[PDB]
């Protein structure tokens, strides 16, 4: 569970990075599909994610829009993200082993793009948050 300090930390970091959220999302998805090639099947329909290809802001905004939703619903992630759990489990059938993978790639991108703001305190709170998001997303799978 997220403490009030954690929730404050997540909101503060988000206030600093949300303006680059399309870029964060594109960068995280692109590295996920390369580093973790079992994931390419989920995004082969978005060939813009191939390195070197022009960036589609709406593709990055998709995933980071989910994170923005989670920041707004940070007091009750399970209820907040229940529809997105259904989408991933039923509609898309994303293997749930991948939520922790995308989480890691988001942390890597944030560290690369915002090294001053991504302190170890920012990282622990954001990591707890993303564990929370991944568990919420995993709710409908079984």
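Residue numbers count along the first chain shown, from 1.
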Worksheet item: Looking at the entry, does 11-19 or 126-134 show the higher mean C-alpha B-factor?
Response: 11-19
Worksheet, complete the sentence: For 89-97 versus 71-79, entry-based mean Cα B-factors point to 71-79
Worksheet item: Which listed residue, 26, 62, 103, 41, has the largest C-alpha temperature factor in the record?
Response: 62
Worksheet, complete the sentence: Binned into thirds over the chain's modelled residues, the C-alpha B-factor of residue 33 lands in the middle
Item to complete: Going by the recorded CA B-factors, say which third of the chain residue 113 sits in, lowest, middle or highest.
Response: middle
Worksheet, complete the sentence: Here the Cα B-factor of residue 107, set against its chain, lands in the third termed lowest
Worksheet item: By the record's CA B-factor, is residue 84 among the lowest, middle or highest third of residues in the chain?
Response: middle
Item to complete: Would you check the entry's CA temperature factor for residue 58 and let me know if it's in the chain's lowest, middle or highest third?
Response: highest
